[PDB]
């Protein structure tokens, strides 16, 4: 009776804290191409060297999603499989995962697989993976877990704050329309994952302290009530500690984690970026 939780590198975990029994976690890396060099976003990756190279290269850098075959490899040795991808609207990760599922079940019929399009990235995907692990530790059946995680995904949201969005624009994942009005000269984009898995603007905040206030206000407005938060950040630990204190001051039971971004999430959120997943109602 074996379980695998699979996620692409839009999830910031390389290791899943305290995996449930008979459960293994696997991250499936996306890639980032900088000139004629390729960086694979696995735990071997020196994220700091990749970013330095990217910013040093006048030519735009590009991301790519996992092959279906990459997903097929990850399935091996498990009978109960959940696969969470980054938003299938901005990346083909989910499309490859959908195909891998259908291909594997031709080859290995006594297997159960549930593919979750997070419609998100970063901290919210992290929460979903943590919850899947929770649910398995709790002793649920495969179909019980599918039910509970579908419900939990209605309870989870994403807020981001980005000081730069150039790589998003350069890669066609954010319009020049929105892209020019933020991430330029003291203006950080405060946004959420939209109902379709896209970037949606919420506030422009001029400076840090205004960035924290906006993020706190948006959390309140969205219906946070003291549950779990996962803040995935790129060189933004100080803004994350000051936001965390404020949230804990208001909601004393808050369970907050701060994680470094993956290579993919670092690439797109960029320096100073934050992708905060959280629970509501």
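Positions refer to the first chain, counted from 1.
- Between 132-140 and 179-187, it is 179-187 that carries the larger average Cα temperature factor according to the deposited entry.
- Comparing the deposited coordinates for 227-235 and 246-254, the stretch with the larger average C-alpha B-factor is 246-254.
- Between the residues 218, 42, 36, 69, it is 36 that shows the highest Cα B-factor in the PDB record.
- Per the deposited coordinates, the residue with the largest Cα temperature factor out of 94, 108, 164, 157 is 108.
- In the PDB entry, residue 212 places in the highest third of its chain by CA B-factor.
- When the CA B factors of the chain's modelled residues are split into thirds, the value for residue 197 lands in the lowest one.
- Compared with the other modelled residues of the chain, the Cα B-factor recorded for residue 11 ranks in the middle third.
- Among all modelled residues in its chain, residue 17 ranks in the highest third by Cα B-factor.
- Sort the chain's modelled residues by C-alpha temperature factor and residue 122 lands in the lowest third, per the entry.
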